[PDB]
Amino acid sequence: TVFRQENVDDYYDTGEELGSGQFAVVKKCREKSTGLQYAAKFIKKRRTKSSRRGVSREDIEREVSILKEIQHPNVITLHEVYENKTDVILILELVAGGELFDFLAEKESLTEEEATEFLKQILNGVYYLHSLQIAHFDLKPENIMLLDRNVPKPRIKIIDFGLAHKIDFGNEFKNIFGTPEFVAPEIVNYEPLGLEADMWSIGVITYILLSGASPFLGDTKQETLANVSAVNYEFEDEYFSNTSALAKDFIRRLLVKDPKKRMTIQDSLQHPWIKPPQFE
């Protein structure tokens, strides 16, 4: 699939940087014709077939195909796609209130209600994606951004669909590995992956939202990964002493090694607490 090959600078003006990653940079931008504001994600292309720098065309096309399908209040929307010899440029919905990661750092510890306010939105976005047989494969606080960080109950959107895959056969068996702290055991063990991996990541996020601590984090990536595979976590009383037993029950049903025994997204929404890269 080919994208628009006009110079993006003919149609948009760029401003402040919103994000920076291994093969991408994100710039705030403004469309000249409408005055509306977006986030332009510049993804570096591969220069050769055998190269390790940049993103393969297959991977870029996969991400764009997924983004084109999605429209939901808790997921990002894709506006347009440009390309040139060096980059594919995704013009995405602007989410200007920063990462949930940075919000959690700056704020004192969350209450269970503040945590569930966030978590219910995440669950709603993931329910949409999973209904579509889309696995995100990179859920973590850095990939959730707030629309406005200065309201009591911030609204969120899931971003960063660079690892997302359609799961039409119940699992996929590809080169898929996210951030060690957040990956499921089946990722660590290079086993076939499905929608269940996301549910593990939600359990890790939930743990962090309630405690400010990462459940599997070691001093090195390898130690983290070993901890994940062994399901080596516990609820430290220093952090969880005034956290409800039901909240812990929720996390325990997601941090399950066997993906078939893990709560699904639908189970998570009916749970009584809710119901109303890899190498150093």
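Residue indices: 1-based, along the sequence shown. Superpose the two forms; the largest set of C-alphas matching within 1.5 Å is the rigid core.
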Top-deviation stretch by C-alpha RMS in 8 other deposited structures of this protein (rigid core reference), from 189-197, 167-175, is 167-175
Report the stretch with the higher root mean square CA deviation, pooled over structures and residues in 8 other deposited structures of this protein, choosing between 239-247 and 215-223 after a rigid core fit.
215-223
Look at the other compared PDB entries that model both sides of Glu108, then say whether a third or more of them leave it out.
yes
Mind pulling up the entry and telling me whether 176-184 or 196-204 has the higher mean Cα temperature factor?
176-184
Can you let me know which of the two, 167-175 or 125-133, has the higher average C-alpha B-factor in the entry?
167-175
Between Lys45, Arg252, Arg52, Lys41, which one tops the list for C-alpha B-factor in the PDB entry?
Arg52
Of the three thirds of its chain by CA temperature factor, lowest, middle or highest, which one includes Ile265?
lowest
Comparing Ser214 with the other modelled residues of its chain, is its CA B-factor in the lowest, middle or highest third?
middle
Relative C-alpha B-factor of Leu147, binned into the chain's lowest, middle or highest third
highest
Of the three thirds of its chain by CA temperature factor, lowest, middle or highest, which one includes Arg30?
middle
Please place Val95 in the lowest, middle or highest third of its chain according to the CA B-factor in the PDB entry.
middle
